[PDB]
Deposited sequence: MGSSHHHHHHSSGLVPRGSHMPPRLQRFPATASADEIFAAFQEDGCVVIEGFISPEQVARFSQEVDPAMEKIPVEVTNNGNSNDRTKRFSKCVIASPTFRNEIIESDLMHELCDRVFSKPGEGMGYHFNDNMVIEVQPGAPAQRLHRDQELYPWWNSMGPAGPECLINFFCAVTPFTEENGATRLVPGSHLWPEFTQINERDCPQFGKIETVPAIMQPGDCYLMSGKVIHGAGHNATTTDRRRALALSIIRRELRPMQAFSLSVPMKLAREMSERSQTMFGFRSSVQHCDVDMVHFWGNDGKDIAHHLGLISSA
């Protein structure tokens, strides 16, 4: 009795941040995405939002009407440089790694994943809805492999300020990771274009774990006041190249304080790729 008996049915499962990893993962497989409510302790999600606000204030807003994803949407990636909670607390969630290890790692080969980006995405008010897309369009041949292709990218998309249907929370399309052809989503290339059934709604600290095969896009921010802010944990196979060059921007001072696993996530350490003439790059960097 979830929709009125007889209704058309719109599946967007939700789990507590305290459930098992296999539980959350099974929802990921079946739907392509899933919500983790309280993925981040609320003091953290709050101390974090404060910590990056000054960097966010020095980001001018584009009012372009050119269809961009930069039109009235603020984007900021130096989260580890500018936020102690982020680099010390958020990136060390064992749920994150336990799930990454289930999407990506092969047995006896160590961590099969690393970071692509740490973006804070703040959808400004009056911002047009973002073009629909699969995140794996970042790796342009991936769509060519269809839903039998391996996973390349997952996104722990975390709500900073509340995600309403009015302030433009992300429009998901669960199950589009099993459609038989992966196209771009436009009138010329997508046959279902205009008939794609979206499904929007989260509180500060929640997140959703979306596959890279899943169609989505930020909605229109219809409000006058609400700067709707997010923090996306983009994580990729170790064979793929990060969009952010973190091991050259993030200073060595911060890297020495990270875990072995987090140095691996930012490329300050190698995995069984990105080495140094037959040896781990961590030797040459001063990290034993």
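Missing from the model, relative to the deposited sequence, are the ranges 1-12, 23, 214, 287-295, 312-314.
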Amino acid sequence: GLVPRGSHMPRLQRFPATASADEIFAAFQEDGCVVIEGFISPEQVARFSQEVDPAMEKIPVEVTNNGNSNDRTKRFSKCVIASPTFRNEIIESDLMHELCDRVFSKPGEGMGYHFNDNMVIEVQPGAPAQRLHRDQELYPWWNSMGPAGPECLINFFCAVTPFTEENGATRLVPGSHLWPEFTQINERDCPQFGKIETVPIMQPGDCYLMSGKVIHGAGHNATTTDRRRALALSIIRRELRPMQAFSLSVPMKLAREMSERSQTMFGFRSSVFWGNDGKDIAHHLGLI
From here on, numbers count along this sequence of modelled residues.
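In at least a third of the other compared PDB entries of this protein that cover both flanking sides, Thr85 is left without coordinates. In the other compared entries of this protein that model both flanking residues, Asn65 lacks coordinates in at least a third of them. Comparing 206-214 with 162-170, the stretch with the higher mean C-alpha B-factor in the PDB entry is 162-170. For the pair 78-86 and 131-139, the mean B factor over Cα atoms is greater in 78-86. Out of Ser234, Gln244, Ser262, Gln44, the entry records its largest CA B-factor for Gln44.
When the modelled residues of the chain are ordered by their C-alpha B factor, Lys58 lands in the middle third.
When the modelled residues of the chain are ordered by their C-alpha B factor, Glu187 lands in the highest third. Ranked by Cα temperature factor within the chain, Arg238 sits in the lowest third according to the deposited record. Ranked within its chain, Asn276 lands in the lowest third, by CA B factor from the PDB record.
Ranked within its chain, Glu122 lands in the middle third, by CA B factor from the PDB record.
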